[PDB]
Structure formats: structure tokens, C-alpha cells
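Just below is one structure, and these are the notes that go with it.
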Amino acid sequence: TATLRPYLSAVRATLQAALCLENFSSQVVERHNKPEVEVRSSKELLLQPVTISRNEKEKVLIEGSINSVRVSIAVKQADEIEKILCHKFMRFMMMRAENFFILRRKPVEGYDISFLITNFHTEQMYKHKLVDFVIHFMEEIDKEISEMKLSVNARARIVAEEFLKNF
Amino acid sequence: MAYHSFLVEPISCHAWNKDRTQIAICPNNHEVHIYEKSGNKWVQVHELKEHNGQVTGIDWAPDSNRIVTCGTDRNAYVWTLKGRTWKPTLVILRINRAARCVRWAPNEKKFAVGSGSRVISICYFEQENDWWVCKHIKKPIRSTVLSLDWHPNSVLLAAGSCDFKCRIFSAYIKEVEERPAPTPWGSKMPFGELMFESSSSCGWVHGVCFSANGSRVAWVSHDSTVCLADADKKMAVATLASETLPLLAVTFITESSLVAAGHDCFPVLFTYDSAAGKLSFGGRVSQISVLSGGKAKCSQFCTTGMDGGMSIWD
Amino acid sequence: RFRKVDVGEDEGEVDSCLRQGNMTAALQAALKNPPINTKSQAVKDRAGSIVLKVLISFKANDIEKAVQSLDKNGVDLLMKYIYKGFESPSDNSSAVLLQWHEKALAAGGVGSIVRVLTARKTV
Amino acid sequence: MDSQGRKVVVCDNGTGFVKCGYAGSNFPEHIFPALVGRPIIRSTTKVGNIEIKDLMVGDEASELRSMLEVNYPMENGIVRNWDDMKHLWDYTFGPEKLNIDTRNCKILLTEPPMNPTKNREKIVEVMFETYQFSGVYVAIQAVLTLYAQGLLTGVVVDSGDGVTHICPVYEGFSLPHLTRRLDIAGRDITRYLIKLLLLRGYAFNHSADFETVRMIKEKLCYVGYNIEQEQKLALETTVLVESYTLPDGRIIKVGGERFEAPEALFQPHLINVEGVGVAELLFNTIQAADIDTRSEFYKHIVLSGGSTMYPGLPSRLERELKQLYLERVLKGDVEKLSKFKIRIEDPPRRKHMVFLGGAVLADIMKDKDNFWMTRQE
Amino acid sequence: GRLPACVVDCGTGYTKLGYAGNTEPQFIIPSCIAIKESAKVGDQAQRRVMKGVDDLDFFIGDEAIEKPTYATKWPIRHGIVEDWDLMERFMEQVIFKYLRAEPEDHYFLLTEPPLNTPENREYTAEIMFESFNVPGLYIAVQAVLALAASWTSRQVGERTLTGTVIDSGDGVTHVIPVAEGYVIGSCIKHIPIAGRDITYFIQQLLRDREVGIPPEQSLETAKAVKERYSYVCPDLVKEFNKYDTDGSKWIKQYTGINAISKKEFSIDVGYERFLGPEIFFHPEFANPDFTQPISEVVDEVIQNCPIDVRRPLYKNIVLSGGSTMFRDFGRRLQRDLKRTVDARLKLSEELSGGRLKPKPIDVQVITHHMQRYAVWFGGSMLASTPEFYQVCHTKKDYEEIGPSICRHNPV
Amino acid sequence: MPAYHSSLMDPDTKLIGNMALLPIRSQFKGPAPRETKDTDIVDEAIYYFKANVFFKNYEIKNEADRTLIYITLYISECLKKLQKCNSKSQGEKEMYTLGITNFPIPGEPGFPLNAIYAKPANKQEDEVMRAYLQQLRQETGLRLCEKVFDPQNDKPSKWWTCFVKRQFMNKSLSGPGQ
Ligand SMILES: Nc1ncnc2c1ncn2[C@@H]1O[C@H](COP(=O)(O)OP(=O)(O)O)[C@@H](O)[C@H]1O
Ligand SMILES: Nc1ncnc2c1ncn2[C@@H]1O[C@H](COP(=O)(O)OP(=O)(O)O)[C@@H](O)[C@H]1O
Ligand SMILES: [Mg+2]
């Protein structure tokens, strides 16, 4: 229902506030340094989860912490065919998480993809370009799925021709 | 903006020599580099490399010319310039988790280390062993201690913490120091008594500072808020919330003005008036320090940040 | 097996102002009662539902005047309710809350959002 | 030092690092690797103006090591090369380090416990029949960490490069039958680290690169605290993958190998060694001590040597001991465990505690003759 | 009735295909794929983009090695699958064109190199369970199958269930100690030399010495002289002197046919008769960073094994894989080992005063005619057994747990 | 690993710098004594050359290895000249003029192994090892010239000239400074 420009702008202003990360050695093991949003072992270092959604199916969850932020987002699988094609697209993107330094190797339960930014990423990478990548993903994902649906339809038609024409 | 990029990587602490001819920095590793102002351009003059893990705080005692360092290796070391090369002295710090901050006392007889072990170690020299020994402040600190500042009487110590609360503690070490005079914070001040507690409950407390009279503490919190507790109003605390990102460090520059800095990457001035007891955003990264004129009447102050490099302001 | 051992561990006024058409005050009327202290859960869901009724029933062109009438406390409360309504999606609700967000953001800035994230006593 | 003015040197002759200095010091005067090398020409590495002497030793033999073939003269606590080790001592007492007239010095040495007797015999021989020291004393690595800690009772978990030992001492009495070796120590973890990085696709396979993977290990490895958490974290997210630059500037990515390698201390079967990890071996040592000494030993577990420095080792080791005590002593009575007072002494200065113990003991003993072997007998 | 399981051995040089219960593979095919290259007119800016059914216009095996308008690609490198896009297509035509097995009702035995990264087992199971729809899969360790092939073929009474297996495919060489049928995985060592390195070293050495081989056929001729004229030499420096002095007998003419002009060409074949397979004993030739001879690595593997098994292993060193087939290969490996072990014993006499003389060690190196397809045969015998259908991962297991069921390995 | 190393380090044989002045069985003038055994260090180098150039690691046992390696570096240089020669007569005349050129000595710049040879400090060291290394070069070139040319046609034979590209562990006695 709601248009795409307000939804992205609300997400951007939220995510811009959550990337105020810091370096923070953990309290629970001698001198381990680990993202509190994933280890969750002390709870005065976790921020209140916040959620932005444009309808009942497309929602972005932001889970902050003193040293990390986890961003997990869901996209509308409007067709039976899109569920398959979206799962495969996410799988093949998630299969390369060592190159997308901010990407988890598994999604958060009930979300299609989920990013994890550490303080180190906001120190080494351009922080504002990490936001722009999350936004650029969120803009393009459904155009990319639509292209796959068309390209599969095309293949099915050409393969049907190559059988029938021989009779 | 005077500026110089020592490193691309986060300058994780800095401390200044007595006459500001030299600056000590962490280049985002377990070594401390000292640079001398070789005319217009900085040149590295020493590399203190005894730590076994990342240094998290540096301080430089201006009268005694000694450098104290602490780190996530749970070490602290006091560095003395033996002839030409800096040599370390052991600190028996006795903490089971990372150190996070260090500050020399104004009289340079003692220093304090804040840590992840939910304690403040107060260190003083034990000359029969030629090592430094600790007493621990402990009881009300519920989480890690992020920043420290000393009252000018070298007894009262203000501490910020992840359990959202600024506090003032009496670090009176009876072994090394004559009993302090009474203060507006209180007349009692045996070791580890709790003089003050913040009203706050939400954000972590990143930075804490005393006025040069010691009658005021200000702190800054992850709420993007500044507060100032004034002892002459009997510890009434001003508050100002702001529209920008959080503030990471703060200093007084006069009894009635602050400078602060934060994730917005630029310094911000907050003035205060003793009449109404309100802070005001006079407006305009990782820590701030005063170069000249001190906390009473600063003429220059400087900043360093995760974005790298050093910057000087007037 | 050693390795596996676990060890070492208001509504009658709100609908009155709405029915009077005092909509700007109807926003204020909702924000007077923050159930921040409440241990009860259902009180929170009730308070959020009441404020959502005002946010939805507001006319879209008047949201600018409504938000601008709040103080900085009200703006931080308004944000804390805005981010709550996003967790109960409904066909219209998300479209208006995304607009209330943009105007509350223009008033309160990103700092107002940080005080949503840092709020230790969840409303 | 002496009233005779003789200096008292303390020389912890470790299989990895020589750790050296004088009595009464709070620090070792010099740390350098027990390493010896000869120049070699290679087609790959360039040659330059840095002259490689026909023998190089110590720090220089490690720093220049790309042009060198290098040996450790000592293995698993045993001297392999009485020639190269003499060159290592010739360097230690030479102009580069402690520039000492050895005939003017007393020396304190260390020996690992349960070592073979011909090892000590040859050491005591050369200290008179080559260096001609004014006096010699061999001190047990177990008691020296207790001196460095200021204690008179404890169980020492001494874990160097070569071998790991568990050694109880009770009120200054030695309990020698309780001494247990474990054949896992820092060199085996470094060989195991190589064998994992080869699976990731990086070949090292040289003596020079044996030291490179040690520097990876020290910088990047850590002992996992809850091994199921560490494997979940690596399977769920990329966070562990941390990048290291080789001396030539090749970039490598190190992932779960950061904790899988040190885990050999706690699941020895990941290496070929049959046995049980340091935690269970320690527990079985204390549960062999006389019944009422046991409750003191749990309050004085003392860690020693560089292979204890892995982030999280004291936390992990203390947890494994609580798990075993609940399983085997309390028979599952979970609430009774709250009375179990366990302390692991994990002082930050840990690595050099064998040397700092010798410094303390020599400072105590210097004028108190009838201690050093003397008159070259 | 009950249909025989499929056995596929994805070699770095030759893939081997067939059904369980046969004494030979039905096809031996080079593990390459020919794809239509005309896309290179557009693909100057970025990798070829596929549309329509263009990705079905490809050939594999002998249909692909010399086609005039397709670029040959070699998907497998050090035994690992390096480009899963091409390997996934290679599997399609293997199953449907050659075997003509409907995947839905045939179990697959699919081999693995011991160096295979866990991530690559996840992908290979994911393709077989989810791109295809195999009812059950078993990723089998090549070395054990090679030993069992010798066990089941060799004479009764000498069928020892213990041995050291040296497998030298085209990509990498593995030295695997086995005792009582258990792989001692901790003690495995890998030698980074195999048929490709021997081929490339000959290929370089011809291109220094013998310009006139056309670049397209530079690989063909290096492969041909390797397989037909090369032998393991007894002593290197002496062999050069033999070739220099009796060159009339040692230098052999090879005559090749030009792929395009179909003119003949000819070359002398010389030092690259004994150079080449020498790189097994002097890896520093072909590889900058490996230096232990194979006859050194084999002893280090055995002398790390438990003390009881060391003597049994020396009695049954098994050679496997085509790169071990050079003439006189095993004869020299034995000699080098024997010289290494008997000296190890002789030292322990002196360090015991001769009070006791140790029993010798009988180093024996064994060879068998399956060596071109020994791993495959060992698989086809395993896959005939009823236990195989109990050992396989069933498709339902991949429904309860993801690809993660294939993380594990013998090490 | 083990490339071929020098056999003939007799304890009687004197050193200059880090090189052993082994006797030479040559008619050329020079300071080392006249060898009379069949094998000689120049013939060790020439006998090993084809094998030795393939190894890529080389561990110096003694000064004689620093001597024999120098010969192989010089053989890997003389092959460059004589592959161009139309006849053995041309090569023999050419090779005499090659070896007399003033090749660098230890530590003099452009010498390829400044890390591994130390410069002679004094005239009676320097001049004598120049007078030694010269006669090594003179003999070494002539002994190749006898055997690289095939006697049927004075073709500089394929089997020897094949090695010209294969510099001894990528070290050139020409020196990388030129
Ligand atoms: N920070 C560290 N973390 C883990 N291991 C370390 C660290 N620093 C050194 N080591 C290991 O410590 C060993 C050094 O030997 P050392 O502790 O001196 O034992 P020894 O005195 O018996 O030789 C080496 O194996 C080295 O890899
Ligand atoms: N008679 C032979 N002598 C030497 N090598 C041979 C001979 N026949 C085949 N080869 C080589 O065997 C190598 C490996 O073949 P194969 O064992 O099928 O490899 P893989 O099974 O690992 O794919 C090939 O490079 C081939 O050239
Ligand atoms: Mg040691």
C-alpha cells in the first residue's frame, strides 16, 4: 500500500542512528571480543529492537548493540514461483558472505536476508555506503525477481517449441 | 581546522606532553607511538611496545613526565624515560577483564584504571617492590566503567558506566596522601564511599568531566543528552537532549562552558548558567583534551577519532 | 559427559476530543499517560492502540501542525509509539505511520530515534 | 649482587624462547627465540645488502629467517643439538645480550620435570667445562611459578612450546608421583594450525614459514569458551573470518581455524595424541591427591608459560573443572556446586613467571652460599 | 527389478562412469566441457551472459576435446571443483546422455579427494539432492576404494586389510595409511605433484628445447611423450651423462600430425624422458615450495602411525592412479625407502651396543592392472553390497537437515 | 632438496674471502697449484651443470660451494656466447676474450650475492683472488668449448644450448645492476 520513498527514508533515518557502534571487549569471557547482538550474553548492552514496515508483508527489523547492529529484512513473495526464485537468489548471495562482509551466512528466522554490521566494518568501510547498500538492495530486489520470472517463462516457451516442431 | 592524519585506523587514545611538544597515540594496535612536533610536521620519536593486546587508554603525567598505559590484555604499565628509552614498570592491576580507561591524579601520586571487571582500580607506587599496587572501588558499580575524571583535590573520582549512571567516589588512599579538606560534595570521604548518583536510566554514560573548581560534573550519554550536576545548587542536575547522534566525550573549558564531540564528527559547545541551572547548546570525536589554559580558561583544545587523525581548535 | 553440562549461569477524553474535532489536543490527550512504569503487558497494548486511533484518524495535511504542537518530550514519546505501530501492520496503518515518522523526524532528528533505541524501560 | 660483587644471572632456557636477566628483576632483560640458522640461496626470495653470517642465532636468525635454514636446538624439553645449543648460549652470554664475564657470575637454570637424566648431566657439565661459571643451580619450573606468585601451595599447569606439565605442590612439599605430562603444547598447535590452513588452500611448508604461522597463531587464535557457541557463530555468520598479511604481503583469510587449533588442548584426539585434555588430566591429578589436600588444590590452580595466553583459556579451564566436579564428585547435585570454591590464578604477567620466580629465588639466595654447586666440582 | 546404483568418479583428468556390479566403467571421459565461444564478441566487457536454451549447446568428453567452434573448459583443479556453473552442466549430460539413468530411482556413489573443503561437499550434495533429485548419495573416500580394489583383486591368503595407499591422479598425490580397515586420518600427507605438473614440466622443457611444436598441440605432444617415452630413472646426474655419450640410442624421434595443415612434424625426445617423472622425487623442480621426495613423505607417514602398524604398512604399499604407471616407478620408491628404513634400524643397534639385532623390515611396493580405474572398480564393488543402501544419506535426511549432513569427512 | 655439492675440500687448501683456492689442471697462468687428479672443481661444475641448474634451493656447506657455484654461474653465461658461434674455432677465440673481462668480485657492487660473500679487505687478498677467478674463467670456457660443439659440423649442440635460458637459481654473474 504505502509508497516506496517514505518506507526507505524511514529505514535510512533509523539505520543511520543504529550504526553509532563502538569497540567493546566482552565481560563474560577473559578477553574475547564478539558482537553482542549475536552472543546476547549480557543484556544491558543490547538496544531496544525497532521495526519499520510498509505493509503486512514487507518489514525491516533493526537489532542494535553497543558494538554491532543486525539488520534483517523481508520481501513480498507475491507468487508461488517467486518464493522459489527469491529463495535461490538469497541462497546464492548468502553462499558468498565472505565477499559481502556485512552479510550473515544464514537468515534470521522469518526473514529473507539478514545483514550484520560490526564496529570494524564501520571503521574500515564507509559507513554511509553500507546504508546505501542496504537501501540499494531493498530498492532492486523485486525488480531482480521479476526479471527471473520473465526469463524462466521465455525458456519454457523455447523448450516447448523444440519438441513440438519435430512432429 | 588544523588537522593531521597520523593513521587511517582509529586513534584509540591520546595524551599530551607537559609543553605539548610531544603527543602519544595508539595506532590501533598494541603499541604506543610518541610523536614530536618537528617544526610544522610530526615525526615519530618512540615506540613503547610491551603490551600483549590492544591499548585502550593512555595518560601522561605533566609534572613527573611519566606515561601510564592500560589495555584489553589486562595489563597496565607506567613508562619512565630512563635516559633516552622509555622503560615500563609493572602494575599489579588484579582485574579479570579488559581495562578501558586510565587517568593520572592531579598530584600524580596515584592513578585510577576503569575496567570491564566492574571495578575501578586505584593504583599507587609500592617502592619496596618497585611495582604499582591497587585498591578496588567496587560496591555500586554494576557494569563496566567507561570514563574517569579526578576532582582537583586528587581525592574525589567521577566515573561513568554502562549501567547508565554517573557517580562520584572518594578514592582517599590513606597510605600516600594527607586527608582532604571538606568539599560541597561532602565532608565524609573515606576510601570508596559513594558521594553522588545520576538520575539517568537509559543511555550508557560515555564521558565525564569536572570543572576546574571541582564543583561541577558534566556527563554525556548515548541518549544524545548532556547533563551537568552542580554542587552549589546541592547537586541539582541540568539536562539538554539534542537532535543529533550521541556524544562520546566532553570537557569543561571554563566553569560555565563545555565542549563535547560525538559520532557527528565535529565539536560542539554547551554553555551553562548558575542562575537557572540549564545547559544551552551554543553549538557549532573519540576524546577531547585541553592543550593550553586548562579547564579554567582553555585557549586551545584537540580531538581524535575513529575516522583517524588529530585536530586542534581554538 | 563433562562437555555438555550446563554450569556457571484516558480513552474517554481521547474519544471526546476526537468527537469534538479538537484533533491537535486529542494528540496531547493520548500522550499524557505513558505506561512506562507498568509491569502489566495488556496496559501497554491498550495504550498503544488508543494512540494509534488518533494517529490514524488525523487528517494527513494537518500532521505538520500536530507534531509541531508537541514539546521535545512529546516528540520522543510520539516516536516511541510510531515504532510500536509498525509491529502491528494493517492495510492503512503503515501508510500513515510512515508519514508521521517523516514529520516527527523533522522535529526531533535522528537523536529522537536514538532515544527510542536506548529506552531501557520498553513502552 | 653477591657481596663478592659477582652478578647472579637467571636464564630460563626454554625450548621456544630464551628468557634471560638478573636476580631481583621484575622483567626479563632479554626475550629471544632459541633459534639457529645457516644461509641458503633460493630462486624465489631476492638477495640484498643485508649480510647473512655463516651462522646466525636468536632474534636475528628469526628476523632474517627467509634467507636461512633454521633449527630449534631443543625439542619437547630435550636438547637435540649440543653444538647449536652451545652457539645459542654463546649468543646469550655474548656482546649482543648479557655481556657478562661468566667467570664472574653465578647462574640459575631451570629444568622441566621428569626430563631424562643425561640432559641435566650434559647441562651441568658445560656450565663448568666450557663457560666456567662461579656457581650453578638448577631450579624446578614448578616451584618458580609459586615464588613468582608468592605462594606455598598450588597445582601448576605449566604449558610451554614443547610440552605441558601438571605439578602439585602442597605447603612446599613436593608430590612428585602426581606429576603428569601432556604431549600437547604450543609447537603441536602450530603444526596443527598449518594442517588446517592447508585445507583452506594456503601452503606454508618451510622452516621460515613455521615462524610465520606462529605469529598468526599468537595474533589470531583464541580458546573457545563454549565450543558449540563458537561453531554456531562461524556457521551462522562471517564475523570470525579475519585477514592476515604474510611477510610478502599476500593476504590470507583465517576463519574457524582460530579456535579449532587451540582446541587440541581440550580434545587431544584432534591431533594424533591419545589421552585427555588439560582440564580432565588436571582434575584426575587432584582427584589422585590425598583426600584433604584436594580442597586446597582447587583454590590454587596456577597457570604458567606462553601457551596459557590464549584468550579465554582460564575461563574455559575453570568451566571444565566445574563440569567435572559436578559430574564426578557431586554426582549431579547442581545446588551443592555453589559451595565449590575454585580459583585459577591467571595473572597478566603469566608468561615469564618461571623466570620471575628464579629472579625472586636468586634475590633471596644470592649471599646464602651452600646453595650453588661451586668450585667446579 | 532392483536397479544398480550409479558410480561416478569426477577425476581431474578423467571422469569414470557406470553402474554397480560391473568389472569396468562403461565410459572413461576427459573431465572437460566445450561451450559456444561466439559470445566473446559481446563478452569483452563481462563474462558471458546466457539466455534462451544456449546453455544446452555444450559437449563433454571426447565429443568436446576437438570441436572447431567451442571453447574447451576444464572445471576441476587440484581435484576440487573450481567452477560449479560448469560442473553442474557437466553432471546433467553425464546422467541423462551417457548413463541414461533417471536420477529419481538410482542411488549415487560419488567420489571425493581427501583435501576437499567442507564447503565443496555441501555444494556437491546440494546439486545431487536438489538440482537433480537423487534418492540417496554417498561421498566415498577415494583411497579406501583403491585399497579395496587391490584387496578384492589380489590373491587369496595375501588379502591384508592394512596398507599404505599412494594415489596420484592427475591433480594431487595423497599418501593414506590404513590399518585394519580404518583410515588413520591424522597421519595423512599430501604431495602437491601429479600428472598435470609432469605434463607442464615436459611442456615447458619442449618449448625451451624444441620450438616447432604448434602451440595448440603443445599440450597434446607433452601428454603423448609422457605416456609413451618417459620412465623413472635410477640416478639423475648419471643419466644426463648417459644421454650425452650414447645419444644415438637414448634420443628417440617422435612424429606428430599438424591439427590444421595435416603436415607431419617431428621432434627429438630427450632429457624429458627421465625429467618429468623425476619431479616425484625432486618436487622442487615443478613446485617452488615443496621439497620432500615421495620416498621421504611415505616414511614420515608410516613413522607417525602407531608402533604396532608400522611394520604391516611397509609390507603393503599400494600404488594407485594413472600417474603411478611410469615404468620402474615402484622399483625406485622401494629402493629409496629400504635405504631409509634399514639405516633407521642400524642406528638403534649401536645405541644398544649390539646386544640385540632387530628383525629387518620388508618394504614391498605393489601394483595391479586396475590402476587406470582402480578407484572406480572399488566403488562398483562397494555399491553392489546391501550395506551400501544402509550407509547412504537418504533423501529424507536432506529434508530434515540441510546440506550440513555432508560437512563431515574421515579427518 | 640436495643439489650437488663440492667433493674436494681438502683441509690443506687455502681460502680467500669465502672461497677455496682448489688446484686446477690448467695450462693457463694462475696462483692455485696444478691439479693432477682426473676430477677437478671445474669438472665437478661441468659434470653437475645439467642436473644442478634444475634445483631451486642451495645450502652452502663450505667455501668450496661458494667456489663451485661461481663456476656454474659463469657456465650459465658462457653458453650465451657460444650458442651464437658458427664454428668451434670462433667459439674458442670468443671464449678466451670473454673470461678476461673484469667481472665483479665479492661485495663490489652489482655482484649478485653481496649477502653471502664478504669483500677481500687487502691487496694481497684482492689481487690474488682476481688472479684466481680469472684462471677459473679461462679454463671453464675452454672446457665447454671442447664439448658443446658437435664434432660432425661444429653445431653448438641443441642439448647444451637448451640450458641457456635456465639461469642457476635465477642468479646471473652478469649482475642485476646493468
Ligand atoms: N599471546 C599468545 N597466545 C598464545 N600463545 C602464545 C602467545 N605468545 C606466545 N605463545 C606461544 O608460547 C610459546 C613460547 O614458548 P614459552 O611460552 O616461552 O615456553 P618455553 O619457556 O617452555 O619455551 C610458543 O609456542 C608461542 O607460540
Ligand atoms: N602409461 C602411462 N604412464 C604415465 N602416465 C599415464 C599413463 N596413462 C595415463 N597416464 C596419466 O594418468 C594421469 C591421471 O589419470 P587418472 O588416474 O584417470 O587421473 P584422475 O583419476 O585423478 O582423473 C593422466 O595425466 C594421464 O596422462
Ligand atoms: Mg617454558
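Since every read-out is calculated from the coordinates, none of them should be taken as a lab result. Positions of Cβ are generated from backbone atoms using ideal geometry, with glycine treated the same way; all protein chains shown enter the neighbour counts.
Has the range E:2-19 got any residue that is away from ligand 1 (no atom under 16 Å from the Cβ) and over 18 Å from E:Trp376 (Cβ atoms)? Steps first, please.
Of the residues in the range E:2-19, the ones away from ligand 1 (no atom under 16 Å from the Cβ) are E:2-19.
Going one step further and asking which of them are over 18 Å from E:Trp376 (Cβ atoms), we end up with E:2-3.
Yes, the range E:2-19 contains a residue that is away from ligand 1 (no atom under 16 Å from the Cβ) and over 18 Å from E:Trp376 (Cβ atoms).
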Inset, instruction - Return the only residue of A:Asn55, A:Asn23 being part of a loop (DSSP other than H, G, I, E, B) and over 18 Å from B:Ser117 (Cα atoms). - result: A:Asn55
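I'm checking my understanding of the structure. Among residues of the range D:305-356 that are within 16 Å of ligand 1 (Cβ to nearest atom) and among the basic types (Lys, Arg), which one is farthest from the other protein chains (Cβ to nearest Cβ)? Please lay out each step first, then the result.
Residues of the range D:305-356 that are within 16 Å of ligand 1 (Cβ to nearest atom), as a first pass: D:305-317, D:346-356.
After this cut, where a residue has to be among the basic types (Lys, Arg) as well, the list is D:316, D:349-351.
Details: D:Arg316: 8, D:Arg349: 7, D:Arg350: 10, D:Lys351: 8 Å.
Checking each candidate, the answer is D:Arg350.
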Inset, instruction - Answer yes or no: is there a residue in the range C:33-43 that is more than 14 Å from chain D (Cβ to nearest Cβ), surrounded by 14 or more Cβ atoms within 10 Å (Cβ to Cβ) and outside any loop (DSSP other than H, G, I, E, B). - result: no
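Would you please name the residue that is farthest from the other protein chains (Cβ to nearest Cβ), looking only at residues in the range F:136-178 that are small (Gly, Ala, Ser) and over 28 Å from E:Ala286 (Cα atoms)?
The first filter runs over the range F:136-178 and keeps only residues small (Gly, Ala, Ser), leaving F:141, F:157, F:172, F:174-175, F:177.
From the residues that got through so far, the ones that are over 28 Å from E:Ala286 (Cα atoms) too are F:141, F:177.
Values: F:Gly141: 19, F:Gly177: 12 Å.
So, considering only residues that are small (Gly, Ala, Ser) and over 28 Å from E:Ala286 (Cα atoms), the one farthest from the other protein chains (Cβ to nearest Cβ) is F:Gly141.
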Inset, instruction - Would you be able to say whether some residue in the range F:17-26 is closer than 30 Å to E:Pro293 by Cβ and not in a loop (DSSP other than H, G, I, E, B)? - result: yes
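Kindly indicate whether A:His87 is part of a helix (DSSP H, G or I), within 14 Å of chain C (Cβ to nearest Cβ) and surrounded by fewer than 16 Cβ atoms within 10 Å (Cβ to Cβ). Quick ask: steps written out before the conclusion?
On the way: part of a helix (DSSP H, G or I): yes; within 14 Å of chain C (Cβ to nearest Cβ): no; surrounded by fewer than 16 Cβ atoms within 10 Å (Cβ to Cβ): yes.
Criteria not met by A:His87.
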Legend entry - Evaluation of E:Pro288 against (1) within 28 Å of E:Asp167 (Cβ to Cβ); (2) away from every other protein chain (no Cβ under 14 Å) (one fails), failing number: (2)
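Of the residues E:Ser348, E:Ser352, which single one is assigned to a helix (DSSP H, G or I) and out of contact with any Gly (no Cβ under 6 Å at 6 or more places or on another chain)?
On the way: E:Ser352 fails: assigned to a helix (DSSP H, G or I).
The unique qualifying residue is E:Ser348.
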Inset, instruction - Considering each residue of the range E:303-346, count those that are within 16 Å of E:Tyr182 (Cα to Cα) and either within 16 Å of ligand 3 (Cβ to nearest atom) or within 14 Å of chain D (Cβ to nearest Cβ) (or both), and give that number. - result: 7
Inset, instruction - Could you tell me whether the range E:400-410 includes any residue that is more than 14 Å from chain D (Cβ to nearest Cβ) and either closer than 30 Å to E:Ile28 by Cα or away from ligand 1 (no atom under 16 Å from the Cβ) (or both)? - result: yes
Inset, instruction - Being away from ligand 1 (no atom under 15 Å from the Cβ) and hydroxyl-bearing (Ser, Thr, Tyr) is the filter; apply it to the range D:145-202 and report the residue that is nearest to E:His190 (Cα to Cα). - result: D:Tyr202
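Yes/no matrix, rows are residues, columns are (1) more than 28 Å from E:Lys242 (Cα to Cα); (2) more than 14 Å from chain D (Cβ to nearest Cβ):
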residue: F:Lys56; (1), (2): no, no
residue: F:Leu82; (1), (2): no, yes
residue: F:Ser89; (1), (2): no, yes
residue: F:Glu108; (1), (2): yes, no
residue: F:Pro112; (1), (2): yes, no
residue: F:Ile116; (1), (2): yes, no
residue: F:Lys123; (1), (2): yes, yes
residue: F:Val128; (1), (2): yes, yes
Inset, instruction - Determine if the range E:22-35 includes at least one residue that is over 22 Å from E:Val375 (Cα atoms) and either surrounded by fewer than 14 Cβ atoms within 10 Å (Cβ to Cβ) or under 21 Å from the mean Cα position of the chain (by Cα) (or both). - result: yes
Legend entry - Conditions (1) more than 29 Å from B:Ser224 (Cβ to Cβ); (2) assigned to a helix (DSSP H, G or I): number failed by C:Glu9: (2)
Inset, instruction - Select from the range E:117-147 the residues that are under 23 Å from E:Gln93 (Cβ atoms) and β-branched (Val, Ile, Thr) and list them in ascending order. - result: E:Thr124, E:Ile127, E:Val134, E:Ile139
Legend entry - Yes/no for C:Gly111 being assigned to a helix (DSSP H, G or I), within 14 Å of chain B (Cβ to nearest Cβ) and farther than 26 Å from A:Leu21 by Cα: no
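Yes/no matrix, rows are residues, columns are (1) in contact with a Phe, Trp or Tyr (Cβ under 9 Å, 6 or more places away or on another chain); (2) within 14 Å of chain B (Cβ to nearest Cβ):
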| site | (1), (2) |
| --- | --- |
| A:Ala17 | no, yes |
| A:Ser42 | no, yes |
| A:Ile62 | no, no |
| A:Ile66 | yes, yes |
Inset, instruction - Out of the residues in the range E:176-210 that are outside any helix (DSSP H, G or I) and either more than 14 Å from chain D (Cβ to nearest Cβ) or under 30 Å from F:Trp160 (Cβ atoms) (or both), state the one that is nearest to ligand 2 (Cβ to nearest atom). - result: E:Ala194
Inset, instruction - Kindly indicate the residue of the range D:33-52 that is more than 9 Å from chain F (Cβ to nearest Cβ) and under 29 Å from the mean Cα position of the chain (by Cα) and also nearest to E:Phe290 (Cα to Cα) among those meeting that condition. - result: D:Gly37
Legend entry - Selected residue (criterion: nearest to ligand 2 (Cβ to nearest atom)) from residues of the range D:299-337 that are assigned to a loop (DSSP other than H, G, I, E, B) and buried (at least 19 other Cβ atoms within 10 Å of the Cβ): D:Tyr310
